Every structure is written in structure tokens, then in C-alpha cells.
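Chemist: Contents of coords_37.tsv (TSV, C-alpha atoms):
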```tsv
chain	number	residue	atom	x	y	z
M	1	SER	CA	-7.23	-14.52	-4.54
M	2	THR	CA	-9.10	-14.85	-1.24
M	3	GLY	CA	-8.54	-16.37	2.22
M	4	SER	CA	-10.95	-17.48	4.94
M	5	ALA	CA	-10.05	-18.73	8.43
M	6	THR	CA	-11.98	-19.64	11.58
M	7	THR	CA	-10.98	-17.81	14.76
M	8	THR	CA	-11.75	-19.38	18.16
M	9	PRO	CA	-11.83	-17.86	21.67
M	10	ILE	CA	-9.03	-19.24	23.90
M	11	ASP	CA	-11.25	-19.49	27.01
M	12	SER	CA	-14.83	-19.21	28.35
M	13	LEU	CA	-14.40	-15.40	28.76
M	14	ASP	CA	-13.30	-14.52	25.14
M	15	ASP	CA	-10.02	-13.05	26.54
M	16	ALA	CA	-8.40	-13.57	23.11
M	17	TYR	CA	-9.02	-15.32	19.75
M	18	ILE	CA	-6.63	-17.72	17.96
M	19	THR	CA	-6.57	-18.48	14.23
M	20	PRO	CA	-4.56	-21.30	12.62
M	21	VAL	CA	-1.76	-20.07	10.33
M	22	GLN	CA	0.53	-22.23	8.12
M	23	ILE	CA	4.22	-21.23	8.16
M	24	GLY	CA	7.01	-22.75	6.05
M	25	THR	CA	7.38	-25.76	3.72
M	26	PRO	CA	6.17	-28.38	4.66
M	27	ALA	CA	3.51	-26.44	6.65
M	28	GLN	CA	3.97	-25.84	10.40
M	29	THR	CA	0.62	-24.83	11.91
M	30	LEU	CA	0.66	-22.26	14.67
M	31	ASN	CA	-2.37	-20.61	16.39
M	32	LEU	CA	-1.84	-16.86	16.22
M	33	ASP	CA	-3.66	-13.91	17.76
M	34	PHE	CA	-4.76	-11.60	14.90
M	35	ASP	CA	-3.98	-8.12	16.16
M	36	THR	CA	-5.20	-4.99	14.29
M	37	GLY	CA	-3.40	-2.92	17.02
M	38	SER	CA	0.14	-4.02	16.01
M	39	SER	CA	2.17	-4.68	12.83
M	40	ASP	CA	4.59	-7.50	13.60
M	41	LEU	CA	4.15	-11.18	12.75
M	42	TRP	CA	6.05	-12.84	15.59
M	43	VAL	CA	6.11	-16.46	16.76
M	44	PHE	CA	7.49	-18.75	19.50
M	45	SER	CA	10.36	-20.68	17.93
M	46	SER	CA	13.28	-23.13	18.34
M	47	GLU	CA	15.34	-19.97	19.29
M	48	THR	CA	13.05	-18.93	22.22
M	49	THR	CA	14.69	-19.30	25.69
M	50	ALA	CA	13.56	-22.79	26.86
M	51	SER	CA	12.38	-21.55	30.32
M	52	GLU	CA	10.08	-18.96	28.65
M	53	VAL	CA	8.20	-21.68	26.63
M	54	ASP	CA	5.31	-23.52	28.35
M	55	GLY	CA	3.07	-25.56	26.02
M	56	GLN	CA	3.28	-23.39	22.88
M	57	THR	CA	3.81	-24.90	19.42
M	58	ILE	CA	7.12	-23.53	18.08
M	59	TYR	CA	8.16	-22.55	14.58
M	60	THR	CA	11.39	-24.38	13.57
M	61	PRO	CA	13.03	-22.56	10.63
M	62	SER	CA	15.68	-25.31	10.22
M	63	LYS	CA	12.87	-27.75	9.19
M	64	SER	CA	11.54	-25.36	6.48
M	65	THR	CA	12.97	-25.49	2.90
M	66	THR	CA	11.67	-21.95	2.15
M	67	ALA	CA	13.03	-20.27	5.37
M	68	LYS	CA	15.82	-17.66	4.90
M	69	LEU	CA	17.53	-15.73	7.73
M	70	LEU	CA	17.12	-11.97	7.17
M	71	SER	CA	20.78	-11.21	7.89
M	72	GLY	CA	21.32	-8.53	10.53
M	73	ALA	CA	17.64	-7.71	11.10
M	74	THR	CA	16.32	-7.59	14.68
M	75	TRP	CA	12.95	-6.63	16.26
M	76	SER	CA	11.81	-5.47	19.68
M	77	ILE	CA	8.20	-4.69	20.63
M	78	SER	CA	6.37	-3.48	23.80
M	79	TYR	CA	2.56	-3.72	24.08
M	80	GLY	CA	-0.05	-1.50	25.84
M	81	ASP	CA	-0.42	-4.01	28.70
M	82	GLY	CA	3.33	-3.82	29.48
M	83	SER	CA	4.19	-7.16	27.83
M	84	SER	CA	7.12	-7.48	25.36
M	85	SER	CA	9.15	-9.70	23.00
M	86	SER	CA	12.23	-9.57	20.74
M	87	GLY	CA	14.43	-11.66	18.44
M	88	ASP	CA	15.70	-12.16	14.92
M	89	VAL	CA	13.93	-12.26	11.54
M	90	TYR	CA	13.36	-14.92	8.95
M	91	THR	CA	11.52	-14.71	5.62
M	92	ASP	CA	9.20	-17.66	4.80
M	93	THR	CA	5.94	-18.68	3.10
M	94	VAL	CA	2.85	-17.90	5.23
M	95	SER	CA	-0.73	-19.00	4.44
M	96	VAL	CA	-4.01	-17.99	6.09
M	97	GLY	CA	-7.09	-20.02	5.11
M	98	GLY	CA	-5.72	-20.81	1.64
M	99	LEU	CA	-4.23	-17.33	0.99
M	100	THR	CA	-0.46	-17.54	0.49
M	101	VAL	CA	2.29	-14.94	0.77
M	102	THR	CA	5.85	-15.85	-0.17
M	103	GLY	CA	8.74	-14.01	1.49
M	104	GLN	CA	6.75	-12.81	4.53
M	105	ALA	CA	8.92	-11.54	7.40
M	106	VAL	CA	8.41	-13.98	10.31
M	107	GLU	CA	9.86	-12.59	13.53
M	108	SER	CA	11.36	-15.37	15.63
M	109	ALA	CA	11.19	-14.70	19.38
M	110	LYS	CA	14.40	-15.18	21.41
M	111	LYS	CA	12.88	-13.54	24.55
M	112	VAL	CA	9.19	-13.18	25.60
M	113	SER	CA	7.75	-11.64	28.80
M	114	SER	CA	5.88	-13.82	31.40
M	115	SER	CA	2.48	-12.68	30.01
M	116	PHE	CA	3.09	-14.61	26.74
M	117	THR	CA	4.70	-17.65	28.45
M	118	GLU	CA	1.63	-18.18	30.69
M	119	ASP	CA	-0.77	-18.16	27.70
M	120	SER	CA	-0.02	-21.71	26.43
M	121	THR	CA	-2.75	-21.45	23.72
M	122	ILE	CA	-1.23	-18.48	21.84
M	123	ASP	CA	1.76	-19.32	19.60
M	124	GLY	CA	2.29	-15.71	18.48
M	125	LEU	CA	0.74	-12.59	16.98
M	126	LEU	CA	-0.15	-11.61	13.41
M	127	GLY	CA	-0.18	-7.82	13.20
M	128	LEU	CA	-2.84	-6.18	10.96
M	129	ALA	CA	-2.29	-2.46	11.74
M	130	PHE	CA	-0.37	-0.24	9.13
M	131	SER	CA	3.25	-1.26	8.22
M	132	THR	CA	4.62	2.02	9.71
M	133	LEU	CA	4.36	0.39	13.20
M	134	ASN	CA	6.61	-2.61	12.32
M	135	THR	CA	9.62	-2.87	14.67
M	136	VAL	CA	12.10	-4.59	12.32
M	137	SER	CA	15.39	-2.70	12.05
M	138	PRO	CA	17.34	-1.48	10.15
M	139	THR	CA	14.88	-2.45	7.38
M	140	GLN	CA	11.18	-2.07	8.28
M	141	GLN	CA	9.00	-5.00	7.13
M	142	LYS	CA	5.47	-5.21	5.71
M	143	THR	CA	2.46	-6.88	7.37
M	144	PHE	CA	0.83	-10.06	5.94
M	145	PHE	CA	-2.15	-7.95	4.77
M	146	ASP	CA	0.16	-5.45	3.02
M	147	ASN	CA	2.07	-8.26	1.27
M	148	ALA	CA	-1.18	-9.99	0.15
M	149	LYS	CA	-2.90	-6.74	-1.09
M	150	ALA	CA	-1.82	-7.02	-4.76
M	151	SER	CA	-3.16	-10.60	-5.02
M	152	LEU	CA	-6.50	-10.01	-3.22
M	153	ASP	CA	-9.75	-9.61	-5.22
M	154	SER	CA	-10.52	-6.53	-2.98
M	155	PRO	CA	-7.92	-4.87	-0.66
M	156	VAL	CA	-10.02	-5.70	2.44
M	157	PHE	CA	-10.20	-8.04	5.39
M	158	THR	CA	-13.20	-8.65	7.59
M	159	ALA	CA	-13.47	-9.52	11.29
M	160	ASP	CA	-16.56	-11.44	12.38
M	161	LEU	CA	-15.87	-12.35	16.06
M	162	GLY	CA	-18.19	-14.65	18.00
M	163	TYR	CA	-19.62	-14.24	21.50
M	164	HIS	CA	-18.43	-17.42	23.34
M	165	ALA	CA	-18.28	-19.02	19.88
M	166	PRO	CA	-15.99	-19.32	16.84
M	167	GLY	CA	-15.90	-16.57	14.24
M	168	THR	CA	-14.27	-15.78	10.92
M	169	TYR	CA	-11.47	-13.67	9.44
M	170	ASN	CA	-11.88	-13.25	5.65
M	171	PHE	CA	-9.37	-11.67	3.24
M	172	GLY	CA	-10.17	-10.25	-0.22
M	173	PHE	CA	-13.98	-10.42	-0.15
M	174	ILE	CA	-17.07	-9.31	1.82
M	175	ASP	CA	-19.45	-12.13	2.77
M	176	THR	CA	-22.96	-10.63	2.22
M	177	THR	CA	-24.55	-13.47	4.24
M	178	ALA	CA	-22.56	-12.67	7.46
M	179	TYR	CA	-24.45	-9.43	8.31
M	180	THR	CA	-27.93	-7.79	8.29
M	181	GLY	CA	-28.90	-4.42	6.76
M	182	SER	CA	-26.21	-2.18	5.28
M	183	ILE	CA	-22.55	-1.58	6.04
M	184	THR	CA	-21.87	1.95	7.29
M	185	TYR	CA	-18.38	3.15	6.30
M	186	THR	CA	-16.38	5.76	8.21
M	187	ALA	CA	-13.07	7.57	7.67
M	188	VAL	CA	-9.78	6.16	8.95
M	189	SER	CA	-6.82	8.28	9.99
M	190	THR	CA	-3.48	6.45	9.48
M	191	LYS	CA	-1.39	9.20	11.20
M	192	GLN	CA	-0.53	7.02	14.26
M	193	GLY	CA	-0.38	3.73	12.27
M	194	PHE	CA	-3.67	2.39	13.71
M	195	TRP	CA	-7.14	1.81	12.27
M	196	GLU	CA	-8.21	5.12	13.94
M	197	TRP	CA	-11.76	6.42	13.49
M	198	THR	CA	-14.40	8.67	15.11
M	199	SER	CA	-17.50	7.31	16.79
M	200	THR	CA	-20.47	9.69	16.70
M	201	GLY	CA	-21.73	8.98	20.23
M	202	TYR	CA	-23.21	6.57	22.71
M	203	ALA	CA	-26.27	5.48	24.68
M	204	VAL	CA	-26.55	3.51	27.98
M	205	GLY	CA	-29.33	0.88	27.94
M	206	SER	CA	-32.63	2.36	26.76
M	207	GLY	CA	-31.39	5.94	27.42
M	208	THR	CA	-31.15	8.87	25.04
M	209	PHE	CA	-28.33	8.85	22.49
M	210	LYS	CA	-25.63	11.42	23.31
M	211	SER	CA	-24.01	12.85	20.12
M	212	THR	CA	-20.33	13.38	20.94
M	213	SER	CA	-17.16	12.62	18.95
M	214	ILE	CA	-15.07	9.76	20.42
M	215	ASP	CA	-11.78	9.17	18.65
M	216	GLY	CA	-10.53	5.59	19.03
M	217	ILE	CA	-8.93	2.58	17.32
M	218	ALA	CA	-10.50	-0.70	16.08
M	219	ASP	CA	-8.31	-3.18	17.97
M	220	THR	CA	-8.85	-6.97	17.70
M	221	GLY	CA	-5.86	-7.57	20.01
M	222	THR	CA	-7.42	-5.82	23.04
M	223	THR	CA	-10.11	-7.72	24.99
M	224	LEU	CA	-12.06	-4.82	26.52
M	225	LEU	CA	-13.67	-1.52	25.50
M	226	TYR	CA	-11.67	1.51	26.84
M	227	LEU	CA	-13.57	4.80	26.67
M	228	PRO	CA	-13.26	8.33	28.26
M	229	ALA	CA	-13.88	8.60	32.03
M	230	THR	CA	-17.10	10.65	31.49
M	231	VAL	CA	-18.70	7.92	29.30
M	232	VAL	CA	-17.57	5.02	31.52
M	233	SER	CA	-18.85	6.71	34.73
M	234	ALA	CA	-22.27	7.30	33.01
M	235	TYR	CA	-22.45	3.55	32.15
M	236	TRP	CA	-21.43	2.17	35.61
M	237	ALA	CA	-23.76	4.67	37.41
M	238	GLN	CA	-26.67	2.56	35.99
M	239	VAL	CA	-25.48	-0.67	37.68
M	240	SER	CA	-26.43	-0.99	41.37
M	241	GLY	CA	-23.36	-1.56	43.52
M	242	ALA	CA	-20.81	-0.89	40.76
M	243	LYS	CA	-17.63	0.93	41.75
M	244	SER	CA	-14.11	1.61	40.52
M	245	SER	CA	-11.68	-0.47	42.58
M	246	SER	CA	-7.98	0.52	42.85
M	247	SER	CA	-7.09	-2.96	44.22
M	248	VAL	CA	-8.62	-4.66	41.18
M	249	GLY	CA	-7.58	-2.00	38.67
M	250	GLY	CA	-10.97	-1.02	37.28
M	251	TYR	CA	-14.75	-1.08	37.54
M	252	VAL	CA	-16.24	-4.12	39.30
M	253	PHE	CA	-19.92	-4.94	39.90
M	254	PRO	CA	-22.01	-7.43	42.00
M	255	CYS	CA	-22.24	-10.72	40.01
M	256	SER	CA	-26.01	-10.75	40.77
M	257	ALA	CA	-26.69	-7.44	38.90
M	258	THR	CA	-28.07	-7.27	35.34
M	259	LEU	CA	-25.95	-5.17	32.94
M	260	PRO	CA	-27.53	-2.67	30.56
M	261	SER	CA	-26.49	-2.66	26.92
M	262	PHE	CA	-24.13	-0.02	25.45
M	263	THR	CA	-24.73	1.60	22.05
M	264	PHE	CA	-21.98	3.33	20.02
M	265	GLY	CA	-22.49	5.44	16.88
M	266	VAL	CA	-20.92	4.81	13.45
M	267	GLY	CA	-21.94	7.83	11.37
M	268	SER	CA	-25.74	7.73	11.45
M	269	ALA	CA	-25.85	3.96	12.30
M	270	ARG	CA	-25.93	2.43	15.82
M	271	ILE	CA	-24.12	-0.70	17.05
M	272	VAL	CA	-25.69	-2.24	20.20
M	273	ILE	CA	-23.46	-4.23	22.54
M	274	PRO	CA	-25.67	-6.53	24.66
M	275	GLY	CA	-25.26	-6.33	28.46
M	276	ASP	CA	-24.02	-9.98	28.58
M	277	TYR	CA	-20.93	-9.09	26.47
M	278	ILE	CA	-19.82	-6.63	29.22
M	279	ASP	CA	-19.69	-9.38	31.94
M	280	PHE	CA	-16.12	-10.71	32.45
M	281	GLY	CA	-17.00	-12.90	35.46
M	282	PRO	CA	-15.63	-13.09	39.00
M	283	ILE	CA	-12.41	-11.18	39.83
M	284	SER	CA	-11.18	-14.38	41.58
M	285	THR	CA	-12.61	-17.93	41.85
M	286	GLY	CA	-15.64	-17.97	44.14
M	287	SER	CA	-15.81	-14.17	44.41
M	288	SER	CA	-19.17	-12.40	44.23
M	289	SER	CA	-17.53	-9.30	42.55
M	290	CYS	CA	-17.40	-9.39	38.73
M	291	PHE	CA	-15.09	-7.59	36.27
M	292	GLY	CA	-16.54	-5.07	33.84
M	293	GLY	CA	-15.91	-5.12	30.08
M	294	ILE	CA	-16.13	-1.27	29.81
M	295	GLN	CA	-13.17	0.50	31.39
M	296	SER	CA	-11.67	3.98	31.43
M	297	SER	CA	-9.01	4.87	28.87
M	298	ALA	CA	-7.63	7.73	31.11
M	299	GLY	CA	-4.48	5.83	32.12
M	300	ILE	CA	-3.85	4.63	28.47
M	301	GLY	CA	-4.10	7.86	26.46
M	302	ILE	CA	-6.14	6.37	23.61
M	303	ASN	CA	-9.72	5.08	23.27
M	304	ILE	CA	-9.88	1.41	22.25
M	305	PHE	CA	-12.78	-0.38	20.60
M	306	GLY	CA	-11.58	-3.86	21.56
M	307	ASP	CA	-13.20	-7.31	21.20
M	308	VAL	CA	-16.18	-6.34	23.50
M	309	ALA	CA	-17.30	-3.78	20.86
M	310	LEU	CA	-16.05	-5.50	17.67
M	311	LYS	CA	-17.75	-8.88	18.45
M	312	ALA	CA	-21.15	-7.08	18.40
M	313	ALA	CA	-20.60	-6.16	14.69
M	314	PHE	CA	-19.42	-7.41	11.25
M	315	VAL	CA	-16.30	-5.25	10.71
M	316	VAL	CA	-14.75	-4.34	7.35
M	317	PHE	CA	-11.14	-3.15	7.35
M	318	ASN	CA	-10.79	-1.49	3.89
M	319	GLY	CA	-7.12	-1.13	2.98
M	320	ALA	CA	-7.78	0.82	-0.24
M	321	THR	CA	-5.56	3.95	-0.94
M	322	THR	CA	-8.08	5.93	1.13
M	323	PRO	CA	-8.64	3.49	4.03
M	324	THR	CA	-12.08	3.11	5.69
M	325	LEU	CA	-13.80	1.00	8.43
M	326	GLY	CA	-17.21	-0.55	7.83
M	327	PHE	CA	-19.65	-1.63	10.51
M	328	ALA	CA	-22.80	-3.68	10.14
M	329	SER	CA	-25.19	-5.34	12.59
M	330	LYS	CA	-25.22	-9.17	12.63
```
In C-alpha cells, what does this structure look like?
Modeler:
Amino acid sequence: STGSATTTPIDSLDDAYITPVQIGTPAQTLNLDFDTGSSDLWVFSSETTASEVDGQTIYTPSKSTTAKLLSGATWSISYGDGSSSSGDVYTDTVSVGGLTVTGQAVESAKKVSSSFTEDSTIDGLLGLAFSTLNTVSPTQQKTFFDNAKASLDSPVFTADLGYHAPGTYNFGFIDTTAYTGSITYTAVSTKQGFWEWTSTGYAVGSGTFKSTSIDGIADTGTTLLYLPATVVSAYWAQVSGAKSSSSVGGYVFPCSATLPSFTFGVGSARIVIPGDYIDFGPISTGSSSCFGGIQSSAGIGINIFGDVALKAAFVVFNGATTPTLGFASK
């Protein structure tokens, strides 16, 4: 079996991508944020505190004939940005682009932080990292990808994110028309529960490629590219007027400047991120200072290849017994 779903940016800056997901019987369609940096499928629901809901579509388990309360199970998660959510657990049928899993753990939110409430376009998250990160207790639950694995033609999913445009998430097959050249595969370490890999280096604009190992995670749920201070300083040094601002919380640059591209290595292959993808627009409405898409990972403790990097490539997440990541130009 296979699945194929269109993912759409929530705004003009590609801050996040939402994909329609069918939950329950009859289907209730929610727009979820596919997150390869987490392992919980959680949604806004009829149980979420009324004041913490602002425009989201809610999942209503009482209207679903296949919904079953997972007696005693609770969940609590905290994200890298400081946001959080918690609640109880239901099992129900979940479908993504025609691919169906019965008995998927659907985590119903009772409480959500202000960050989620303010994003009216996101109805929840669908975690695609390894099941070891799932927060359901006392019985840890499996991700949608893990549950679908046996039924898939190939144990893979692909991320093909668009730049200011819709993209595609495919499950169980590799679309050979979605990329150019070959796919370069690289080793994944599952030790921390993430799709963790090692980039072979970088180049700024038309500069010389610097071979240096950069350990990081392929994270669809993070908007920006977070890299070591040394790399990030070398990139922003090529932009006239760029500086790190403590008031803003990162590198900013004059909106009038042109941004060089950024190249990252995948084995012997190179993925080029165009300069335009690194522009996140004015820090405030009418401001002439713009926010950079390449930021330091020093305060985070882990390097993150977020949407800025992933949208420049066709990405294969191979969930075989020996997991790998594939990158191709597109």
C-alpha cells in the first residue's frame, strides 16, 4: 500500500507546512504539521480548554464509531521552542492520502501553550521521528509511520517541500519524476530517537567547499537551519550590514542586501540552498531589518537541518532495519 498527500505552507514565509489527515469514522479532516523531530500524533479536540482554542478544527472522539479511550494513558510533551501540550489518549483509524492505519494512538490535547493557540491554521502535529521519543505513559505508543510500515510497498516516506508553494509527502514509494540526478544516501544514527546524520561540509556562495563533519537532524518541524557558530558567522560575514542582534534573538540583515547561497554536503554530493530561501522578511511590519534563515545552534545543543535546508532537496526517509536518509537535487 502507498499514500500521497499535498502539504501547503501556512503563510507567505513558509513558517510551517500543513497536510490534511483523516481521523475517525466518518472522517474528520484536520490539517496537521508533519514533524520528523517528534513522535506524537496530537490534535486539538472537544476536550481542549475552550479559552486555548482559537479557530482550529477539533477532533471529536464522541462522533467517531471507531474511537476507543486508551484507559489510563496520558501524554505530556515540551518542544525545542519552549511550547508544550498534554492530555489523554484515544485509539482511532487515521488515513493520510489514502493510506490507512487502524488503531493509531491519537493524543487528545486537554492543555496547549499560547504558541499553538495563536496558530489557527495548525490543528495538531503528526510525529515522524522514531517511536522511542513518544511521550505516552505508562505504555509508549508507535508513530503513524511505524504502524503503517508492514503494509507499505517500501518502508520509506519522502518529503518534497515547496518554496512558497505546495509540496508532497509520499509513503511507501519513491517518485522518480520528483527529482533530478541520483539520490545520495547517508547513515542515520537512531541513538537519540531522531533522523540524525552527518553532513560532509559547506560552502558560502561561490566560495571554496570546506570539508568538515556537521552532525545534525533532518527536522521538518523546524522552520530554520541551525548550524555551529563558526559556520553561521562565516555565512553572515558575506552579507553587508548583517549582525547578530540580542534584542531580536539572532542574525538580522538589511532588507536591501542580496543573500548568497549556502551549500551543504551529503557524502560526495552537494545540496545548494538559494539565497532567497534564507530571507525571512522584516523583523516587524515596515522595518528595514530582515530576519535570517541561518541561525546559530549554540543555545540549542543540536544542529538542525530544518525546512530552509530540506525544501532545497527531495528527501528520502528510509525506515528499513538499517535506517538511511537520501538527498537529491530537484
Chemist: Which stretch 158-177 of chain M residues have any atom within 12 Å of an atom of stretch 115-130 of chain M, and for each, what is the nearest pair of atoms with distance in Å to one decimal, counting all atoms listed in the file, rows sorted by chain and number, as a Markdown table?
Modeler:
```
| residue | atom | partner | partner_atom | distance |
| --- | --- | --- | --- | --- |
| M:158 | CA | M:128 | CA | 11.2 |
| M:159 | CA | M:128 | CA | 11.1 |
| M:169 | CA | M:128 | CA | 11.5 |
| M:171 | CA | M:128 | CA | 11.5 |
```
Chemist: When you draw a straight line from atom CA of residue M:141 to atom CA of residue M:186, how long is it in Å?
Modeler: 27.6 Å
Chemist: Could you pull out every residue with an atom within 12 Å of (19.5, -2.2, 8.2), file coordinates, counting all atoms listed in the file, and send them as a list in words?
Modeler: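 These residues have at least one counted atom within 12 Å: residues 70, 71, 72, 73, 74, 75, 89, 135, 136, 137, 138, 139, 140 and 141 of chain M.
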Chemist: Could you tell me which of M:289, M:85, M:230, M:7 comes closest to residue M:255 if we count all atoms listed in the file?
Modeler: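 Counting all atoms listed in the file, the residue closest to residue M:255 is M:289.
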Chemist: Taking all atoms listed in the file into account, which of M:100, M:303, M:22, M:247 comes nearest residue M:283?
Modeler: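 Among the listed residues, the smallest separation from residue M:283 belongs to M:247.
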Chemist: At a cut-off of 12 Å, using only C-alpha atoms, what residues contact residue M:25? Leave out same-chain residues fewer than 2 positions from it and give the result as an MDAnalysis selection string.
Modeler: chainID M and resid 22:23 27:29 59:68 91:95 100 102
Chemist: Find the residues around residue M:307 up to 8 Å (only C-alpha atoms counted), leave out those fewer than 4 positions away in its own chain, and share them as a PyMOL selection string.
Modeler: chain M and resi 161+219-225+311
Chemist: Using only C-alpha atoms, which residue out of M:2, M:238, M:39, M:200 lies closest to residue M:187?
Modeler: M:200
Chemist: Counting all atoms listed in the file, which of M:306, M:277, M:233, M:217 gets nearest to residue M:13?
Modeler: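 Under the stated criterion, the closest residue is M:277.
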Chemist: When distances are computed from all atoms listed in the file, which of M:112, M:183, M:203, M:30 shows the smallest separation from residue M:231?
Modeler: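 The shortest atom-to-atom distance to residue M:231 comes from M:203.
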